[PDB]
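Shown here is one chain on its own, the form deposited in one PDB entry, set out as structure tokens.
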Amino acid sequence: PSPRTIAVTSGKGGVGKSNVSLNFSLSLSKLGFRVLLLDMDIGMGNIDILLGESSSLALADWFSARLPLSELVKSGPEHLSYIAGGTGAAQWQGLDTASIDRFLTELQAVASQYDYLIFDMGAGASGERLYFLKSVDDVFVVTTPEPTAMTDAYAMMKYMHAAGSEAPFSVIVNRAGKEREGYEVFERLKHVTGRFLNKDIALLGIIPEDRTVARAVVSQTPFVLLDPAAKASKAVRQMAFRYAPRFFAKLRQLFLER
């Protein structure tokens, strides 16, 4: 059995992506779906910190101390499952053909028990990230209305597209401030991807500037949980609501193309 697979990504940092990943994941879980969030980024502790959970086991431990993957699944609120990160580029580069198979086989065994497998990707398309971005069923790219964030979102989509990713691109405009600013960015992005890449892109949703988000992060309770009525919380809940009604093959093939 295979879960639907989503890669959440951005062009460069400073866009609030990981926070958006966790909150979106929780929302989907709140609908009733079995969700597994994998932190594929370089930063140690994020999901756990965001959940008030103490750091312990992480994906990085599968590399260094050869722990099984299944051993690394943790429980979140709302029956969300996750695996924490802290894996570096040097870890992906050193992989054996035998070790990649071990990874994909362990991952497939774990993931078979979930409806959605969500990858919280590190920024950009470099190295192994490209393989994941070209294997998943959906790619969510997170951006802000800030004109430097938008330029990086375009470069990012052009990259993924030029590199042969056939997944649908959906945009999340975070920190809008709105109301129509959220739309103006999207529509602008949409015109230029359509014209120059001949790639059609969807708008997953707009998350308004909201004080609840900073309160949520500093007090380590995810915003949707903390304040389901906040403007940001309603927004993210709507994204999950609107979104919900052969991954390992492509991924294997791409990893072994050398």
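The first residue of the sequence shown is number 1, and the count goes up from there.
Beyond what is shown, the protein has a form solved in complex with a small molecule; the following relates to that form.
Considering the small molecule in the entry with it bound, the lone stretch of 214 to 222, 196 to 204, 62 to 70, 24 to 32 in range is 214 to 222 [heavy atom distance within 4.5 Å]. Contact between residue 227 and the small molecule in the entry with it bound is not found at the 4.5 Å heavy atom cutoff. Though the partner is left out of this view, residue 209 does reach within 4.5 Å of the small molecule in the entry with it bound, counting heavy atoms only. Although the partner is absent from this view, residue 161 stays clear of the small molecule in the entry with it bound, with no non-hydrogen atom inside 4.5 angstroms.
Residue contact with the small molecule in the entry with it bound: residue 146 places a heavy atom within 4.5 Å of it.
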